[PDB]
Amino acid sequence: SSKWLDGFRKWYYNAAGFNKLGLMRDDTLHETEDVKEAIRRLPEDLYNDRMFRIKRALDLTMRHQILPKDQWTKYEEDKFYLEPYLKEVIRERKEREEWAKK
Amino acid sequence: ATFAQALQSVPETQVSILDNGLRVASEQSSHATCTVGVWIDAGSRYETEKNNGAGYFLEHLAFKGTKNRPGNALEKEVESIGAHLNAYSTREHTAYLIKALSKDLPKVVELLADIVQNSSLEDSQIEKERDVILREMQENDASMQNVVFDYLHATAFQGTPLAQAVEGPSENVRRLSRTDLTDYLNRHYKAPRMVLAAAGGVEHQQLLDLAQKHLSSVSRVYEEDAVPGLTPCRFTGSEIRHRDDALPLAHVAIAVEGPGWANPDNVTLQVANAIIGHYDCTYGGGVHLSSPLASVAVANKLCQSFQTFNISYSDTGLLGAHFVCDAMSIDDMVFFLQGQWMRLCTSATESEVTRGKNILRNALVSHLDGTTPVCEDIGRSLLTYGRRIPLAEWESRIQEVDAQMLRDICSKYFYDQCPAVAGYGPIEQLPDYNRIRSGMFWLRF
Amino acid sequence: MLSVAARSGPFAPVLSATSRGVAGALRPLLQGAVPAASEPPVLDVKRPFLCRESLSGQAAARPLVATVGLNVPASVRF
Amino acid sequence: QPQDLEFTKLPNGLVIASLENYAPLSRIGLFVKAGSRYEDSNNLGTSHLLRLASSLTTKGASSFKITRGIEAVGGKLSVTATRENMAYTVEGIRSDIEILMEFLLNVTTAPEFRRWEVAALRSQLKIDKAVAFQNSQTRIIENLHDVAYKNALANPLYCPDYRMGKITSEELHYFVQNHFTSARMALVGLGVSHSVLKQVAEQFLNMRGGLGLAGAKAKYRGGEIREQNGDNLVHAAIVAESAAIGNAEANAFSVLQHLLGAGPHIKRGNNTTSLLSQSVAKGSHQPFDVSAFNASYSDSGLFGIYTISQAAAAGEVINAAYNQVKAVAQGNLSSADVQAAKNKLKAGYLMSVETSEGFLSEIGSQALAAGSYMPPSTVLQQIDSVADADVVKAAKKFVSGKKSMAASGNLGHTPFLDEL
């Protein structure tokens, strides 16, 4: 966990390949009701940054190109911008479901 | 303190009967102000479509002067003590009530002595109240909710004395004379049909002494010795639809026949209404209201508002819902509303039954706060049930309702019945009666 | 010195209004365009007052007090 | 058997008053001096949005949990607001009302005010203002208070049409942190004991300073506003400055209100013992309604004449009412009329304190204003001490003051302030 799991996480981040399209991790998440609500709750700056990064990725995958290596999203600089919003939406959905159980 | 013994700590209404058969009932509390009223079994259901507006016309004239106090002097007798004098007439019950202080308790009984006994009907007052009531109904037909409820009574009880409005048609208002009002007062303002109710800072013995000394001369004897029977009314499943596209949004009411007062399953029906409840556009909860009709109506923005009613009369009544909405959603609201009724006939679970029981308990206790609602309940209960039901008895009757008898009662009254529909406004998308009649049952049951 | 609009130097087109029934060859500068604005909410028809008996009590006597609620309708009492 | 209301002033300034009704149902309110009085021009309409947004998520309870848990036990949550103060109320059964207070205190003490929910109910602000402005008396009193004062009382109850879409959650957080402080609150309980209320006040309420922000003293302005909107009836309110709450002349102004007529004591009556109605009834022959308007606040009051009249008859109705008040101010009144006015006033007070809502509202108002609850018998006793000379002084105070006028309708024959 100390030595190579972080190293294997870095190698897997390089190998998965959304960093060379300029995407962050949370841009790659497939939408559900939860993800759409979490995106709807985002502020305007992060929403506009996300949508520009997504359409830049679609432009790059149109031409079958990738970003230059200095413009690849770094593993440490990758911010998890969405997942507190997603965790709050998941928590309130679980609260609604457990109320509907009883 | 448990709710049951806290409900038992409420003081009991004391009821007693004079030699005229007039009932006198009082409830004592610690308030400095009292509410005293007279309740008479004289509504529009006791009329024979030539005196169709006699009760409304009489309740207009009743504060205009007696044979002892000529006109405005009566007003002074109310206004020099700060008392508030009020009257209303339903289709069955007519009330003259007044809120005053306790120190003025004898003299105010004097007013209810001669309002219902010695009303003086001057002819100038007759034509003045005639054109006042004409412009009053010309004002009242603008209110689409009153129009829809009168249309619902017209189409639900066709050819019966219960279809006609309390105010009556405009042609009788220009045709009621002095002798007809005298005949109505002689036939319907009799002794065993009158309940003198008092609530608040009153004592039953002092109220009885005043009631004897004033109202011991109320008639009890008949004019033509022909008892006006209160016949059963035939409920008719039908529709009425007044299409007016210039109106901004439509009011639609759908009802079915309900049991009345004497049937205890009415209480069960109340819990069913407490599951569906009401919704308005100016609420606060939003999508998180417990009522699924309200939640879907705010999620799809279907309706401006809806409410559920359980109106009762002698061995009959109406039971249903009324919604105001824009035109483009009308049928969808109907569909969703009908679906809720079908759930209450088929898939009633104990959680919403407990919620509806709690809502009915809180609404029933909180409605009986105030001397005027307590006096209203006393007078209406002694006219309808012949006795005052204590709130502990209501609590015991509520507590016996579970989900099984709820869906049994709802399958009795709602499932596969013929409703009465009343629409007003842009009601083109209001479905045809065969679609509502098909929505009264499920093919999955 | 007549022509009341030209009496005011900069306040000539503010005191006057110049519609054009048939627009000519030269276009005016700053054509202008309304934004697509919103719409007011719809409300039911209210209660008219056509008699003295209905108008009684409608005159205000106390300060305005508003009340909202979670499941009770919003009200204002005077 | 309704034994005695108990009262308690904590050292942080918080008030707790409770009465042991042993009722079937309990009513618990929290009264905060956080009305529309405490907004400058930067944050107009914040109190309206906070009043509507009481049912949002809190740091300790979510809005789904608050709404479903209030509706699960059948209780009621209401917010009642005026210019001066706000009031939060829960109603329930005694066995459940304890956890109901938990919900209430979250709504008062730890609101998260998430941005998306505020953005959701700004449309509810627009709808609520439309519904409340469907009555013309609302916009008359709103314009009247706007014209009658310069600052801190000209701010409206209802949010202006430009501030909708411009209120953020930071302004609501600022309003809560600056006006929901400890020494501006009274916690009132009916159907409870003192120990539970002291416990929940010790739990949730004892963290803020207490003094908060004061306000801007409500300087009087004067003037008139005329809003031509084309209705069948013309509404016109003419007021002048009057004594505040707690002054010795507020009782005389209330007596003058009920002497000139403040409501119909008989349904479909003719208002025989109302002086303004008597003068306009002997004058005109059309539908009308004239009454006396009183509105006393913490440091100011307004007293005046409200008239609803026909479009082509508004001048004679307004002049008849104003000349009636001018004839009152010269001393042309009887002692029996003042006695009937006192009877009307004390009857209205006693029938205002009868229900639990009115009773708890009066307890909270007394606790926020004076900090010492007085029995109703003391209120009737200080009503009884009003002489007719103080009523004549109040009428002369109305006559010899700078009037503020608010009018709406067809203003073809509606007069002006200098023409009166």
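Residues numbered from 1 in each chain as written, not as in the entry; some residues may be left out. Chains lettered and ligands numbered in written order. Part of a larger assembly, values for the part shown. Heavy atoms only, no water.

Naming follows the PDB entry, where chain C appears as Cytochrome b-c1 complex subunit 9 of Mus musculus. This entry's official PDB title is "Murine supercomplex CIII2CIV in the mature unlocked conformation".

For chain A, the PDB entry supplies the name Cytochrome b-c1 complex subunit 7 and the organism Mus musculus. The annotation that UniProt attaches to chain A under Function (unreviewed entry) is "Component of the ubiquinol-cytochrome c oxidoreductase, a multisubunit transmembrane complex that is part of the mitochondrial electron transport chain which drives oxidative phosphorylation." Of chain A, the UniProt comment under Subcellular location (unreviewed entry) reads exactly: "Mitochondrion inner membrane". (UniProt positions renumbered as here; feature names shortened; annotations may be inferred.)

Asks: Residues and numbers for the overall build of chain C, please.
Replies: The helix and strand inventory of chain C stands at 2 helices and 2 strands. Ordered by position from N to C terminus, the α and β elements of chain C give α-α-β-β. For a compact globule of 78 residues, the expected C-alpha radius of gyration is about 12 Å, and chain C comes in at 25 Å, more than 25% above that figure. A principal-axis box enclosing the C-alpha atoms of chain C has dimensions of 60 × 35 × 25 Å. Here chain C holds 78 residues, and the buried ones make up 19% of them. Accessible area for chain C stands at about 5,800 Å²; split by element, carbon and sulfur atoms hold 62% of it. (Helix = DSSP H or I, 4+ residues; strand = E, 2+ residues; numbered from the N terminus. Rg over C-alpha atoms; globule rule 2.2 N^0.38 Å. Buried < 20%, exposed > 50% of the residue type's maximum accessible area, 1.4 Å probe, protein only. Areas by Shrake-Rupley, 256 points an atom, 1.4 Å probe, with all protein chains shown as cover.)

Asks: Please provide a residue-by-residue account of the packing of helix 2 (residues 54–61) of chain B against helix 8 (residues 178–188) of chain B, values included.
Replies: Residues and elements named next belong to chain B. Helix 8 packs onto helix 2 with a crossing angle of 95° between their chain directions and a minimal axis gap of 10 Å. Relative to helix 8, the element helix 2 lies roughly perpendicular. In contact with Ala54, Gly55, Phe57, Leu58 and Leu61 of helix 2, helix 8 contributes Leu181, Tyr184 and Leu185. Class assignment for the residues of the contact of helix 2 with helix 8 results in 7 nonpolar, 1 polar and no charged. (Axes fitted to C-alpha atoms, helices over the stretch in contact; angles between N-to-C directions. Parallel < 35°, antiparallel > 145°, perpendicular 65-115°, else oblique. Contact = heavy atoms within 4.5 Å. Nonpolar A, V, L, I, M, F, W, Y, C, P; charged D, E, K, R; others polar.)

Asks: Would you mind going over the environment of C:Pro28 in detail, with residue names and values included?
Replies: Topologically, C:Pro28 is positioned in the loop between helix 1 (4–7) and helix 2 (52–55). Along the sequence, C:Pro28 and C:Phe78 sit 50 residues apart, while their C-alpha atoms lie 52 Å from each other.

Asks: Quick one: what's the story with the packing of aromatic side chains, residue by residue and with numbers?
Replies: In total, this model carries 23 aromatic pairs over all chains according to the counting rule given. Plain terms: the ring middles of B:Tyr96 and B:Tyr189 are 6.2 Å apart, the flat faces sit at 65° to each other, and that makes the pair edge-to-face. Of this pair, B:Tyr96 sits in strand 5 (residues 94–101) while B:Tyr189 sits in the loop between helix 8 and strand 6 (194–200), and the two are 93 residues apart along the sequence. One exposure class covers both B:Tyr96 and B:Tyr189, and it is buried. Ring plane angle 85° and centroid distance 6.5 Å describe the contact between B:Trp261 and B:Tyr385, whose orientation is recorded as edge-to-face. With a gap of 124 residues between them, B:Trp261 in the loop between strand 8 (250–258) and helix 10 (265–276) and B:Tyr385 in the loop between helix 14 (371–384) and helix 15 (391–399) connect regions that are remote in the sequence. The class for B:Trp261 is partly exposed, based on a relative accessible area of 22%. On the accessibility criterion, B:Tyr385 (30% relative accessible area) is partly exposed. Every member of this aromatic cluster is reached through a ring pair, and the members are D:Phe253, D:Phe303, D:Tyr322 and D:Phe398. Positioned over the ring face of A:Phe80 is A:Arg25, at 4.1 Å from the centre of the ring. (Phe/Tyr/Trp six-rings, centres within 6.5 Å; stacked < 30°, edge-to-face > 60°. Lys NZ or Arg CZ within 6 Å of the ring centre and 35° of its normal.)

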